[PDB]
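What follows is a set of notes on a single structure, which appears directly below.
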Number of protein chains: 2
Amino acid sequence: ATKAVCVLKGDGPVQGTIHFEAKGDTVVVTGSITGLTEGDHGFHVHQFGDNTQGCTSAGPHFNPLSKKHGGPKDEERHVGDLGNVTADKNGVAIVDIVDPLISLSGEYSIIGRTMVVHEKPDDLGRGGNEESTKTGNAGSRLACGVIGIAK
Amino acid sequence: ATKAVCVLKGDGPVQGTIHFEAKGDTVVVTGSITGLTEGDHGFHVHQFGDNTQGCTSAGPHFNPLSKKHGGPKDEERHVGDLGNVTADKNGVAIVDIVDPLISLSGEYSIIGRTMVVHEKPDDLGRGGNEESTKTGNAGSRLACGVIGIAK
Ligand SMILES: [Cu+2]
Ligand SMILES: [Cu+2]
Ligand SMILES: [Zn+2]
Ligand SMILES: [Zn+2]
């Protein structure tokens with residue numbers, strides 16, 4: 001596909017729409033998320049597009065290269081590690097990311113997988129406990145959605 | 001992808017979980033839908049995995065081969081025409097379909113697209129009218145979901 005979309009929903013007030021578009025050899029991620037607490041929130045692609053148990057059945061971070069968690073700019077990162085989105089005073093976060101690891105086709109395709117917005121900030125694999133190395137201490141999954149092909 | 005899952009949701013009471021498994025050159029579709037009126041309901045793969053406007057933004061039946069609407073056993077059918085599912089007196093439909101056109105990979109892949117359960121029976125292209133050859137006269141979209149990768 002050259003375009004994908006994801007509608008995020010959860011059990012609280014957090015909702016949003018994220019669009020993905022292949023522009024050249026990279027993927028541009030845009031959109032906005034509302035209902036969040038002010039500050040940074042971990043924003044990642046989880047492996048399974050399985051919503052049978054809410055966001056929980058999405059599994060861990062998409063990680064075909066079997067690396068540890070990190071920031072979007074690190075070499076050692078999961079493919080699904082997109083960093084943090086930042087909510088303003090009003091709970092609105094605007095998404096504007098360009099990423100070199102995800103794709104809309106092939107082995108790194110994220111179509112069919114789940115976008116998750118987390119409760120806390122992602123520490124980028126630098127928190128110093130085992131958990132940092134897995135999820136960045138980003139905490140619970142506030143909203144998520146399966147990434148589908150768009151028009 | 002060898003397994004997929006879809007969780008169907010809408011604005012009324014219809015809900016369900018559909019599972020997909022690649023077996024030889026076919027896809028085996030299983031699962032259950034509840035909250036349906038007794039009888040037949042059309043069950044099709046729609047083109048886009050776009051839920052921004054409910055089931056409406058899913059677009060038309062998935063039809064990469066530009067054919068007219070038919071039943072699953074017809075040569076002239078859309079790739080997304082899986083026929084009808086049947087709800088019992090209690091409103092429960094058990095899904096058990098084996099289909100050779102839909103796929104979980106390649107060009108006819110349905111991952112990232114939308115599974116839709118309709119209000120009325122699909123006439124399989126034999127309704128005599130023009131709508132019959134587009135949608136089977138299945139009526140409105142009761143519940144739908146994006147097809148994601150499962151474990
Ligand atoms: Cu995460
Ligand atoms: Cu349909
Ligand atoms: Zn990660
Ligand atoms: Zn059709």
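Keep in mind that the numbers below use all heavy atoms, side chains included, and drop hydrogens, waters and symmetry copies. Below, chains carry the letters A, B, ... as their sequence lines are ordered, and counting in each starts from 1. Ligands are counted one by one from 1 in listed order, and the atoms in each one are counted from 1 as well.
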Any N/O/S atom of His44(A) sitting less than 2.8 Å from the Zn ion (ligand 3), backbone or side chain?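 Under 2.8 Å: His44(A) has no N, O or S contact with the Zn ion (ligand 3).
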Can you name the side chain to side chain contact (heavy atoms under 4.5 Å, CB included) partners of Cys55(A), sequence neighbours left out?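 Per chain and number, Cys55(A) pairs via side chain to side chain contact (heavy atoms under 4.5 Å, CB included) with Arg141(A), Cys144(A).
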For the Zn ion (ligand 4), what is the closest N, O or S atom on [X]?
X	value
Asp81(B)	OD1
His61(B)	ND1
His78(B)	ND1
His69(B)	ND1

Give a yes or no on whether the ring-centroid distance for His44(B) and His69(B) is below 6.0 angstrom.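 Centroid distance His44(B)-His69(B): below 6.0 Å, so yes.
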Membership question, hydrophobic clusters at under 4.5 Å side-chain separation (ILVMFWY): are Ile18(B) and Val116(B) in the same one?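 No; tracing contacts between hydrophobic side chains, which count when under 4.5 Å, never links both residues.
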Do NZ/NE/NH1/NH2 and the carboxylate oxygens of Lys67(B) and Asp81(B) come within less than 4.0 Å?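 No.
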Contact between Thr86(A) and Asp40(A) at the side-chain level, heavy atoms closer than 4.5 Å - yes or no?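 A side-chain contact exists here, since the closest heavy-atom pair is under 4.5 Å.
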Checking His19(A) side chain against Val5(A) main chain: does a donor-acceptor pair fall under 3.5 Å?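 Absent.
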Anything protein N/O/S under 2.8 Å from the Cu ion (ligand 2)? Just list residue and atom, please.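 Listed by chain and number, the atoms are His44(B) ND1, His46(B) NE2, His61(B) NE2, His118(B) NE2.
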What is the distance from atom CZ of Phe62(B) to atom CD1 of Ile102(B), rounded to the nearest 0.5 Å?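 Separation between the atoms: 10.0 Å.
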Assess the side chains of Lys9(B) and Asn51(A): does a donor N or O sit below 3.5 Å from an acceptor N or O?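 Side chains of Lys9(B) and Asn51(A): no pair found under 3.5 Å.
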